[PDB]
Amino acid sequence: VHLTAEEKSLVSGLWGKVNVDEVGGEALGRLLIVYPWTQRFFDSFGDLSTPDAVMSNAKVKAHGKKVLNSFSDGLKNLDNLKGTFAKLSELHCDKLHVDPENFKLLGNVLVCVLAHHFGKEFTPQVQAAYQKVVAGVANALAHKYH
């Protein structure tokens, strides 16, 4: 999980002006829409039956913000992704039984949303660093299967 001293700054540069309130629920909302089998885990979240329904569902947003925080916690501690997501790996792997394929997927729709949010400021330089972060998070969250 390397991320050059430039890339690390290329990442908080960007994450400084992320909209904690709207980004997280947005990526989680599109995930459910683009990979519909992922609503299996959200039986308690109310109505998800049409793209508009998902986008405005208030739990997707709320839960979405909490999930953002994990990534925030991951950006602050990049040399110890395991420890930071240790217990969070247990929840998904040992209790929710989410396939870690889907951790890759959420990360990628998160990159998309950031592209969508920052537009041209999300340079190929920047994207490639964020791919590194999302892989390590997606992967450190998948340790309880290793």
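Numbers follow the displayed sequence, beginning with 1.
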item	value
Selected stretch [higher average CA B-factor]: 105 to 113 or 47 to 55	47 to 55
85 to 93 or 114 to 122, whichever carries the higher mean Cα B-factor	85 to 93
Relative C-alpha B-factor of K66, binned into the chain's lowest, middle or highest third	highest
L78 by Cα B-factor - lowest, middle or highest third of the modelled chain	highest
